[PDB]
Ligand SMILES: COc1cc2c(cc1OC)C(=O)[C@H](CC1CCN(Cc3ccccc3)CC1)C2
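The chain that follows stands alone, in the form deposited without the named molecule, written as structure tokens.
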């Protein structure tokens, strides 16, 4: 097949035809975009891939970046669906391109996916990120890349040349430069690039928005369930140095240069084994090696750059799932488990707040408890279970997203906002978790269209609607149908009105205020109290 041969700047590629019920797609999987960041290049910014002779076979997903493997529930679908599904390697900087068949004769908009996983995990090869249904349905081009995670991507000894930090974000930036240089060979339009990502992938999209060298590489952004101003998404230089130094001592090391030089001698898995030990306190939704406010990739804190930024000419689509917190509770909140109803005592709730809002004063913890307590039913196990879910979801995702969305809309950007409220019929997590973090992704990617799976007919329709919204936004910056001269069915989000839509089997509903009461607490009152 002629459409499976493509020449990019580094040389020739051979892709693979992929099937869907609607029609075939052409896929180029495992394209090397950087030199393998191994041995002496561990912890260093990525270097462009050198050209090659002959043909790179591009028919298989390439290795996953070295990372921790979850073993909370071995074999359970709800956790395994996020675990590596290829071998781990430091040789992992590869990207993937899905393009319509036949290849577009006029350049089509490009969606660039950045996976999440708390900056410690993730892979572009997970089945739930299968680009074929999106591309077939709406005939955009889809790119996804691997980027280094954990210590390999974000260990930072700030101010040093040997571990400057943020190199996982530089991996993403290099892949975006690769798209600028090469996506036209696949029929993509390098002048119409929309970044989209979930969780740490959303936070990453946010950091490119705020970093001038990345900002020229794309035109629009989708932030699903994450934000660069989240309390987990960045660390200070002092804390970053403290975690890297503690990691070095836990592996036996041993002067910045000598420290990193010793870290480079240890096998990858040895670093991974100690990754969690460097967190200071017991927590959920906290990760050891994350982007560092270095004065380089980020000139200032994400909060400062958001408040100071001019965002005219930008369109942004942002959103959250209905139960952002629940997934994280089984990772350390006492009384919680996927295997029962997790109907917790008030004692367990008070202990859960300390894990759910780690390293905060007794004074702040009291305010949190009071805000989230119904003092007429302070002991009700169901209310307490939901309240702790809200504590974790609001503090880590929803209020950081609401804050960013308001500042963007107020400062020039056009913003659309959603809450995803449909619980998949195939969802393996228990019913008390609701619509948890990560479980809109399979609908955005049209996974219900896969005949090998068991979704309902209405869920297949819902997936097609969502692919249409996302592709409308990629094409025009506007999820509404372009031919519509009526007032928008999905209205912009504004700092004052705060309109957003519910995404469910039902038609769109406009609502206002993304949990405005909770986010007044986290973004205004709680800061003022501790001030």
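Residue numbers count along the first chain shown, from 1.
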| item | value |
| --- | --- |
| Residue 295 to residue 296: deposited residues without atomic coordinates | none |
| 339-347 versus 171-179 - greater average Cα B-factor per the deposited record | 339-347 |
| Entry-level comparison of average CA B-factors, 423-431 and 122-130, reporting the higher stretch | 423-431 |
| Deposited CA B-factor, highest of 150, 187, 448, 280 | 280 |
| Selection from 286, 208, 266, 220 [criterion: highest C-alpha temperature factor in the record] | 266 |
| Record-listed C-alpha B factor of residue 458: chain third | middle |
| Ranked C-alpha temperature factor of residue 370 among modelled chain residues, by third | highest |
| Chain-relative CA temperature factor third for residue 483 | highest |
| Within-chain third of residue 42 by Cα B-factor, per the entry | middle |
| Residue 102, C-alpha B-factor rank within chain (lowest, middle or highest third) | middle |
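Unshown form deposited with the named molecule bound; subsequent notes refer to it.
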property: Pocket accessibility after superposing the named molecule in the entry with it bound (3+ atoms within 2.4 Å of backbone/C-beta); result: open
property: Stretch in contact in the entry with it bound with the named molecule, which is absent here, among 95-103, 279-287, 399-407, 183-191 (heavy atoms within 4.5 Å); result: 279-287
property: Partner contact for residue 394 in the entry with it bound: the named molecule, 4.5 angstroms, heavy atom; result: no
property: Contact of residue 469 with the named molecule in the entry with it bound (heavy atom, 4.5 Å); result: no
property: The named molecule contact in the entry with it bound: residue 437, any heavy atom under 4.5 Å; result: yes
property: Residue 473: touches the named molecule in the entry with it bound, heavy atom cutoff 4.5 angstroms; result: no
property: Check all three, 196, 218 and 416, heavy atom within 4.5 Å of the named molecule in the entry with it bound; result: no
property: Of 327, 311, 372, 420, the one that lies within 4.5 Å of the named molecule in the entry with it bound (heavy atoms); result: 327
property: The single option of 116, 158, 109, 448 touching the named molecule in the entry with it bound, heavy atom within 4.5 Å; result: 116
